[PDB]
């Protein structure tokens, strides 16, 4: 993902449309924030399981990608949770059980599909609802998450394509959004503009 003159927003970007045949139940923005947190909690458990399996299967680099992405989802949860907490102090983040991890290639596909669903269906749906309800804070949070998900999708497909050709590149995760970059060739986050030296390496 290239760095543009300004950070991507639903106002200056053109990949924010929701698939017409959406598989996402949309409620109030508060409900959607909670729904997103639930989905991300599941994603985190999935990627964590996928990472462990990857290591056992001998895919050290892919395991690191799964771990970096799991961490990215935790950032999304943090962003979403912060908004929910302001509106409902008693709200507690949910916990889920760990799902099964299968062959690494299939796990990468599972990851890619989930990411695609989130970036082109769920988040766009939640963003639209937030826009229609005038909840700019939610639009911001959902937009940030949405943008990282499509990057995750690409990273998973790239790993899948080179499943038998890994390298020693580290994955760098942005400190405040889910953007992940493979290798050192980047300057700042294309999603939020945080400098490269603020990233965490996986």
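Numbering follows the first chain given and starts at 1.
On average the C-alpha atoms of 30 to 38 have higher B-factors than those of the other stretch, with 150 to 158 and 30 to 38 being the two compared. For the pair 86 to 94 and 71 to 79, the mean Cα B-factor is higher in 86 to 94. When the C-alpha B-factors of 48, 61, 136, 143 are ranked from the entry, the top spot goes to 136. Annotation for residue 112: C-alpha temperature factor in the lowest third relative to the rest of the modelled chain, per the entry. In this PDB entry, residue 186 carries a Cα temperature factor that places it within the highest third of its chain's modelled residues. In the deposited entry, the Cα temperature factor of residue 119 places it in the lowest third of its chain's modelled residues. Remark: residue 130 belongs to the highest third of its chain, ranked by C-alpha B-factor as recorded. Among the modelled residues of the chain, residue 18 sits in the middle third by CA temperature factor in this PDB entry.
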